[PDB]
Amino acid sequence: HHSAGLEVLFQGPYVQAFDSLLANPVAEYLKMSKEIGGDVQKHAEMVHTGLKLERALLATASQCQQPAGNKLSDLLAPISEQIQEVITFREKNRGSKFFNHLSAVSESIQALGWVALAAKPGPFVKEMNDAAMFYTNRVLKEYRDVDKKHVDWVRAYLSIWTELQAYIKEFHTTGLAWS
């Protein structure tokens, strides 16, 4: 029937593989972000939308021929706007009580842009996760023996990019496999 509209659909193989690797880190990161609240919670919602746009692009690639140099930026404009949204939130909230949490995310979120690389996407995400780790090391120093929910937040966030590296390694090693 038409009144029901678009029913829930099963994800194709590219996204199924992505979800099996990234579901548990993403869920834990979203749980701990809600527990911390404030700016950490607001930022996680933006990261979660970035991840949802990551899956939408993987689905595109599984059914689409890689377009011309210029024509690809038209496909990546939705994910690059979301990456910038996550970055400008940190830039506008420099007075935040959770600045290092905001910095860990803004300085690593560009990892979602691995889909724009035709060579070495894995080392790119490793370098992004090294930047997240610098700021998360500060969160650990401040909260390791004060608030354990911040310690799990750090571990949960960093494993998103560790699990993204495992996904790229298994399926898209030499770059996102376009149709």
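Start at 1 and count along the sequence shown; that's the residue number.
Student: Do the C-alpha atoms of 67-75 or of 87-95 have the higher average B factor in the entry?
Tutor: The entry gives the higher C-alpha B-factor average to 67-75.
Student: Which is higher on average in the deposited entry, the C-alpha temperature factors of 141-149 or of 47-55?
Tutor: It is 141-149.
Student: Tell me, lowest, middle or highest third: where does the Cα B factor of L30 rank within its chain?
Tutor: Middle third.
Student: For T162, does the deposited CA B-factor place it in the lowest, middle or highest third of the chain?
Tutor: Its C-alpha B-factor belongs to the middle third of this chain's values.
Student: Within this chain, which third does the Cα B-factor at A131 fall in: lowest, middle or highest?
Tutor: Ranked within chain, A131 CA B lands in the middle tercile.
Student: Relative to the other modelled residues of the same chain, rank the CA B-factor of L9 and answer lowest, middle or highest third.
Tutor: Top third by C-alpha B-factor.
Student: Sort the modelled residues of this chain by their C-alpha B factor and say whether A118 lands in the lowest, middle or highest third.
Tutor: Tercile = highest for this residue's CA B-factor.
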